[PDB]
C-alpha cells in the first residue's frame, strides 16, 4: 500500500534529461554516490556499487523510450522495504529547455513504520533529483 513521489523542474530539455538518465546502466552519469554500474542478464539487471564497495542489484521491469520512463524493482538492497517498485519519468517541462522529472515508488515497509520507509525512500529520490539538477548546472 505504501507509496511516495517527488518531482522537480530540471533545467534541461526533455531530450537532454532523458538522454542523460534514460539509460538503465547510466546512474553514475548523474549520481555521484554511485561510482560504478554494470548490467547483467542481457541488460535487464543493474549492479550498483556505492563507495563502500557494497553492491545493490535492481531489476528492469518496464521501459518506454518515447514516454520517457523506466520502472525497476529491487533484488538486493539494505532498505527496510519489500514489494518495491519504482518509476522515474521525464515529463514535459514548462519551457522547451526544462523538464518535470517525477520519481515515485510503491512498497511495503518491513520492521519500520510506513512513515519511516516513506521518508527514507522520498529522501533517496529527493537527493537524486538534486544531483540531477546539479548535473545540468554543469
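Positions refer to the first chain, counted from 1.
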| said: When the Cα temperature factors in the entry are averaged, is it 65-73 or 31-39 that ends up higher? | reply: 31-39
| Would 1-9 or 129-137 have the larger average of its C-alpha temperature factors, as given in the entry? | 1-9
| said: According to the Cα B-factor stored in this entry, which of the following is highest: 88, 111, 100, 45? | reply: 111
| field | residue 57, C-alpha B-factor rank within chain (lowest, middle or highest third) | value | middle
